Structures are given as structure tokens and as C-alpha cells.
């Protein structure tokens, strides 16, 4: 599942070549400024390698948010990323106000040696995703000839193509699968990410522990099912736990998150766990709240006491953290996708923070620890543990596709060796 069969950047001859590189620069924003640059830094090694090995230019392309194929320069512009990238590179970045057309092509045709260029959001064009919404809010499908022309234009921007956009690798979008150049290479971030998950999924050090949390469970079914064939141990925490608790223990869970459809398959999941010899760890106690608010009134519950009606479980308790800690301590490899409580609120972050402490300690004694993207990675940013675990994935949705046993279109479209 690694890039072993695919052309990679390190094997790419880029001296005197223009490199058009798809990156995932879809960073979280607030008020026109970046609040997490993790995805930008993650791409720096590929960019730096190109500049260091005599590349004539590196033309960077990405999307930002979901403008749905309409230009939205005042809401979703990549301009700020240009500024941040220049800061990280110690080098000028030229921002272009479009990503195709004659003028874009002319700026990229033959740039001064060492030029870094960043194009405007790819998704301002419906041809990128192949569908979107018009100015009026009607859903639209892109036209075949225009899609090819969009792709033909992106292709003109470089002599060789690098995809470093792991976070977007599950999207079969034009910049990801439709660039037509003789060499199509995986970048250093693509290789890194794929190497971490490939080992986790094919050849992990064992016991292999999966920590699965976050809110809803229906979207987690094929995920749990698939992981049950890979792991030796699984923590099921956060929002999903209450559906299990209710089915398995007849727990009264108040207004806690509950997934009726998922309830139907919980016993089958547990049978599968048992059959495969997977130890499942569910929480046994909770921090409760009288409503979904950062300031709600709080309380405590266990599985036996139940959660009072009107109240909801928003975090696991001290005893739960203990059991989580024990599974972590046994692990030699860990993939963690989903916090185990409402981490962004102080009253409900103890469990996720405590788990993070264990995962860092686990890393310190040699455990391979993989943090999926999304909220979990945000937690790493929040508590400054980005360099204290083995790998913080840049791809939450993409890493999830891999954990479910699915293929990544962005990877398959790379040149074969």
C-alpha cells in the first residue's frame, strides 16, 4: 500500500525543470488568517527539495474550503497561505489570482530560476471537482470538454508533476488525477503518510491498538468492522461509546448521542471482536452535562448509575482514563482517530488530555503512535504534542479511507515505476 510501486520525488530529476505540485493547503481560517499552519509546514520538505535540486520553478496548487465551483476571492482565497509559506520558506512566494488561463500560463511558462508560485483556489472552478453549485445555488455538473481544457491548462504549468496532497488523496479531482505530464511523482509527505499507514495496516508492531472516538457512529461502521481484522485491541470512546453501552449494558444514557442504525450491529461487531481475539475497551464512567454548552452544569456517572434523564455524557471519567491508559501501555503501535470527549471545552477535555499524556509517554518508550487528522491533530496543536508522537497525519478524511480499506485516487494516478 506504500508508494513502492510508484514514482516518488526523491527519484525525480527536477534540475532546470518546472514542477507543478498539488498540495493540501486547505488550512483552517478565521477572519482571513491561518489558525493552524500544520498542513503548510508538512509540504515544505517537498518544496525545499525541489528548490535545493535546481528546479526552475515550483508552482503550487490547492483548494481551500468548499466554494463549490464559484470564484469566492473574498471568502476562500489562498492569498494568506502565500504569506505564511514565504515565512516558512525564507523565500518569496508569488500569489496568482487564478489557477488557469493565458495569464496564469504566461506567469508559469518560464519563471526566474528558483521561483515559488502559488495559484488561487482550485475550487473556484467547477471543473476541479467536476461538479458544484452555480451563483444561484443550483447544483451543476461540469462539461467534459471544459474539464479536459481545465486539466490541459494545469498541465502546462510544469514540466513534471508532484502530488504532495495526502489530505486530498481520496478526491478524484482534476488537480489530483487529471494532470497529464510524463512524470507524475508522489512527494515526500505522500510517501511519509502512506508509509506510516501501510505499516500500521499491513505489518504493525503488536499489540496494535486502535483508539476510535469522535461523535457519530454510523459513519464509523465500515471503519470499526475493517479495523477489527487488523488490530489486537480497540478503544471505543467519545460519542460512539453510548450506542455500544446501551446495547450491551442496557445503560441509561439520557440525551447522550445515540445511533439507532448502529445499535443494530453492535452485538455483531462485538462477536467479531471476540472471534478475532480483539480486546474492546469501552468507557465505564462519564462527565455529564445538563445541556450541550461549554458552561453547562456538570456531574458524574458510571455505567451502573446511568446518566440522569435530561443529561448527556460529554467526556469519559477517571476510571475510564485508567482503562484507556492500560490498553495504551500494552500497545506497541497505535492509530488514534477521534478524541474521547468534547475537548474544546475545558470541563470536558480531561479524558482526551489524559489519553494524550499516555500516548506521548507510549511514544517515549518506542510505541509507534499515529494521530489521524481532524480533531485529534487539532488536539496535538492544542496541547503542543505534535513533536511528541510518531506521526501527526495531515489527512483526516484520507486516513479514514485507508483505515476503511479503501483506495486513494490521488495515489493510483501517479506514474508507475
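Positions refer to the first chain, counted from 1.
Trainee: Averaging CA B factors per stretch from the PDB record, which one is higher: 377-385 or 350-358?
Mentor: Comparing 377-385 with 350-358, the higher mean C-alpha B-factor belongs to 377-385.
Trainee: For the C-alpha atoms alone, is the average B factor greater in 209-217 or in 233-241, going by the entry?
Mentor: So the stretch with the higher mean C-alpha B-factor is 209-217.
Trainee: Just grab whichever of 272, 125, 173, 141 has the top CA B-factor as deposited.
Mentor: Most elevated C-alpha B-factor of the set, per the entry: 141.
Trainee: Could you check 26, 46, 390, 31 and tell me which one carries the biggest Cα B-factor in the deposited entry?
Mentor: Going by the entry's C-alpha B-factors, 31 comes out highest.
Trainee: Relative to the other modelled residues of the same chain, rank the CA B-factor of residue 369 and answer lowest, middle or highest third.
Mentor: Ranked within chain, residue 369 CA B lands in the lowest tercile.
Trainee: Going by the CA temperature factor in the PDB record, which third of the chain does residue 204 belong to: lowest, middle or highest?
Mentor: Middle third - that is where residue 204 ends up once the chain's C-alpha B-factors are sorted.
Trainee: Which third of the chain holds residue 98 when residues are ordered by C-alpha B factor: lowest, middle or highest?
Mentor: Its C-alpha B-factor, which the entry lists for residue 98, ranks in the middle third among residues of this chain.
Trainee: What third of the chain does residue 268 rank in for C-alpha temperature factor, lowest, middle or highest?
Mentor: It falls in the top third of the chain.
Trainee: Hey, what third does residue 61 fall into on Cα B-factor, ranked over its chain?
Mentor: Lowest third of the chain for residue 61's C-alpha B-factor.
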